[PDB]
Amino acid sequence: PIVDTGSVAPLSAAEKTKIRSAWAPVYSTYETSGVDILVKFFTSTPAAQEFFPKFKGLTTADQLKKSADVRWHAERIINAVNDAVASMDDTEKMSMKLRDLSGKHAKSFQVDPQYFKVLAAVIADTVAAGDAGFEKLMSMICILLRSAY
């Protein structure tokens, strides 16, 4: 399961390879994947909706997929994950970028840190449901995303 506290063991060359494979297809059409992942997370997790101000009024999954605000937010989130995937070999660069992002979530967007893993899970199901390796990569991302809180 995905964790957002403590530490997780490094990624093995084997795990990185599977991740890159499962990711390629999804990121290949990130504009669609991203929106589905975000629309899914948003609709099924009511408690977290108050944190998407620009989505006020939107409710049906159909309205969301059409809002340019939703698409932009999804494209940015989905590309952040991609940056992480592209940096599995430079864990130092991966950290700097995410810690920076952590700060923005805590100081500006003011989002409750508990949902990072909830959304991470949706991304995991969609990309490679069941793969522990990918779950490990999402854990690193969640742990770093909470580093500024």
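Quick note: we count residues from 1 along the sequence shown, nothing fancier.
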51 to 59 or 95 to 103, whichever carries the higher mean Cα B-factor: 51 to 59
Between the two ranges 63 to 71 and 104 to 112, the one averaging a larger CA B factor in the entry: 63 to 71
Most elevated Cα B-factor in the entry, residues 138, 9, 132, 22: 132
Position of residue 85 among the chain's modelled residues by C-alpha B-factor, lowest, middle or highest third: lowest
Chain-relative CA temperature factor third for residue 124: middle
